[PDB]
Amino acid sequence: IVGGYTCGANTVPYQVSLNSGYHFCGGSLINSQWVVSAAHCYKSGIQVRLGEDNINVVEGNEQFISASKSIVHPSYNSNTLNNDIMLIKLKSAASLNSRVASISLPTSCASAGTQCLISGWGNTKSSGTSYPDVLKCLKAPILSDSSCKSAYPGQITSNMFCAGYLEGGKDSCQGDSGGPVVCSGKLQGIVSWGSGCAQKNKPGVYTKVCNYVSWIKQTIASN
Ligand SMILES: FC(F)(F)c1cccc(CN2CCc3[nH]cnc3C2)c1
Ligand SMILES: [Ca+2]
């Protein structure tokens, strides 16, 4: 997250870190056994780390649970990033408490202008590289479809939305991939892509979660 703020420990209780020897992606806990992330975060050997603040220090609220199955969306295209969504099932159910909690799926899509919270352990620099230990947060509005399409000619599908600031300075970034965009207490987006980070006229692009609720629910119901 570039241009954000320190969230505060366990203030984003649905935020997960995906770990394969190191943090490599975020995700969102959606029930005691399932995490939503980006399809571009797929790899084998995932350990889901819940209750994290400092990802380099065991602070006492963590739960570390290995993935038993990952399911990349059937229509994910890794070239275009269309349908950039994945489900990860935990080997055992997370213990839910104030600091480890699931985030509700949307019942309806969110409109341009809606204020959201984006979070992660990604790069905090727009030029250069610095990776934080503690969770970073950014408040950002959803941008209009027309301005998203203007920013990224030929690249925005109906399964994507832009959020952030056309002036630059505030954005998600590398390492935030797969993490949450939460608006009015619902998971509306997944950190998907951009062109660099925090550049003028290049806002972050997010997977449009509301389009996938049926798929998520029926996948969970049979897996
Ligand atoms: F794993 C990487 F690094 F190869 C990768 C591939 C595709 C996408 C991404 C995530 N985006 C990075 C740029 C950006 N700018 C605003 N948001 C993002 C997220 C990472
Ligand atoms: Ca920790």
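Remember, it's 1-based here, ligands and their atoms both numbered in the order they're listed. All residue numbers refer to positions in the sequence shown, counting from 1. Side-chain atoms are counted along with the backbone in the values below, which use heavy atoms only and exclude waters and symmetry mates.
Looking from atom 11 (N) of ligand 1 to the surrounding protein, the closest heavy atom is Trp193 CA, 3.6 Å. Among protein heavy atoms, atom 20 (C) of ligand 1 sits closest to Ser177 OG, 3.4 Å. Closest to atom 1 (F) of ligand 1 among all protein heavy atoms lies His40 CD2, 4.3 Å. For atom 8 (C) of ligand 1, the nearest non-hydrogen atom of the protein is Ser192 O, 3.1 Å.
Between the side chains of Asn223 and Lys89, no donor N or O sits under 3.5 Å from an acceptor N or O. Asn211 and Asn159 share a donor-acceptor pair across their side chains, judged by distance under 3.5 Å alone. Of the N and O atoms on the side chains of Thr124 and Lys136, not one donor lies less than 3.5 Å from an acceptor on the other residue. For the 3.5 Å distance criterion, the side chains of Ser17 and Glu52 fail to qualify, holding no donor opposite an acceptor.
For atom 4 (F) of ligand 1, the nearest protein heavy atom lies 4.0 Å away or farther.
In summary, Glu62 places an N/O/S atom under 3.0 Å from the Ca ion (ligand 2), meeting the contact criterion. Taking 3.0 Å as the threshold, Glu52 counts as a candidate ligand of the Ca ion (ligand 2), since one of its N, O or S atoms lies below it. Counting backbone and side-chain atoms alike, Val57 contributes an N/O/S atom closer than 3.0 Å to the Ca ion (ligand 2). Residue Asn54 counts as close to the Ca ion (ligand 2), with an N, O or S atom under 3.0 Å.
Nearest to atom 12 (C) of ligand 1 by heavy atom, out of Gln174, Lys202, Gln199, is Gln174. Nearest to atom 15 (N) of ligand 1 by heavy atom, out of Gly204, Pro203, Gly196, is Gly196.
Between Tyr212 and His73, the ring planes are perpendicular. Angles over 60° get that label, and only those under 30° would be called parallel.
By the neighbour-count criterion of 12 heavy atoms within 6.0 Å, atom NZ of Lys43 is densely surrounded, having more than that number from other residues, nucleotides or ligands.
With a 4.0 Å cut-off on non-hydrogen atoms, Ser172 touches ligand 1 through its backbone as well as its side chain.
Between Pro106 and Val209 there is a side-chain heavy-atom pair separated by less than 4.5 Å. Looking only at side-chain heavy atoms (C-beta outward), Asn56 and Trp121 stay at 4.5 Å or farther from each other. Contact check for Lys139 versus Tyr5: side-chain heavy atoms found under the 4.5 Å cut-off.
Taking a cut-off of under 4.0 Å to the non-hydrogen atoms of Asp171, the atoms of ligand 1 that pass are 15 (N), 16 (C). Within ligand 1, the atoms closer than 4.0 Å to a non-hydrogen atom of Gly194 are 13 (C), 14 (C), 15 (N), 18 (C), numbered from 1 in the order shown.
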